[PDB]
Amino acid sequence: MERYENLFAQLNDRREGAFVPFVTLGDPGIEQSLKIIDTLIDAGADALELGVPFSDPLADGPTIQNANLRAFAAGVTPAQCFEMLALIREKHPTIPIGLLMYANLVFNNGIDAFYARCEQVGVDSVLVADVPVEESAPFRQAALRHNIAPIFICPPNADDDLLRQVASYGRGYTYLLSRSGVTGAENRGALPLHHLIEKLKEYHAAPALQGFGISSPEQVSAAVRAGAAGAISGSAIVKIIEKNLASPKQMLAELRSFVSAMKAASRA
């Protein structure tokens, strides 16, 4: 988790928010994915959120459903994803790497073994999308034993008890969920989250990253202005992949300009 602490300290010093893209590992192939991720970093990504392809991504809208399918079509397996992660970490020493997991992939070969492998490859955080704080204990325990930050969701309708729990148990960052629903750029959050951001700070929660529906520079700026430490964007990024499957060159070009613009917007 210490990569996050160092990132946030450095960004604070530069009066900047974090811009954090999401992609599915191995979409649309392993090699292409590796190039995609290096492009995100080169263009100014502060951290990464990386999805492991899963058969049943039930917190994901169609854009990311399709990313999973494309990775499956390329034959991408969790083992291959661990190899990709080791290489990503080997290339980039300081960038925080968070995984977006579903419970079954974590549970599959043993929860402890999952997190141990994560530690071995240099992952910094794990968010398990279908595990609520209520069910989190064995995951968060295994994470911490292996120096992995457990990422908790703070939903827009959090009560005070949830805030305190997420504040106590979370590390790395707190995921500030924009809205109800599933991932997707075609739906923007409605509710101002200023109050939740304040309450998390009061309880010494890990710094907040707003995620879901973030597709524009103004939303990145808005997140920072509201007091969040930064913003995560997935579907908007994956759409550029989807749009440009037939042109890897144009894909990287468009990813670069998009990530460059979104990162620029994180400057307070």
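Counting begins at 1, following the sequence as shown. C-alpha atoms forming the largest set that superposes within 1.5 Å between two forms make up the rigid core.
When the other structures are laid on the shown form by the core, the C-alphas of 50-58 and 227-235 differ in how far they drift in 8 other deposited structures of this protein; the larger average drift belongs to 50-58. When the other structures are laid on the shown form by the core, the C-alphas of 102-110 and 115-123 differ in how far they drift in 8 other deposited structures of this protein; the larger average drift belongs to 102-110.
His194, present in the displayed chain, carries coordinates in each of the other PDB entries compared that cover both sides of it, far from a third leaving it out.
Residue-level annotation: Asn147 has coordinates in all of the other entries compared, counting only those that model residues on either side of it, so it never reaches the one-third mark. Annotation for 186-194 versus 75-83: the higher mean temperature factor (C-alpha) is found in 186-194. Averaged over their C-alpha atoms, the temperature factors of 250-258 and 21-29 are higher for 250-258. Note on the listed residues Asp161, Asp112, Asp124, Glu135: the highest Cα temperature factor in the record is that of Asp161. For the set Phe107, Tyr169, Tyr173, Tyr102, the PDB entry assigns the largest Cα B-factor to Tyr169. Ranked within its chain, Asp56 lands in the middle third, by CA B factor from the PDB record. Looking at the C-alpha B-factors along this chain, the one for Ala231 belongs to the lowest third.
Sort the chain's modelled residues by C-alpha temperature factor and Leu200 lands in the highest third, per the entry.
Annotation for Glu49: C-alpha temperature factor in the lowest third relative to the rest of the modelled chain, per the entry.
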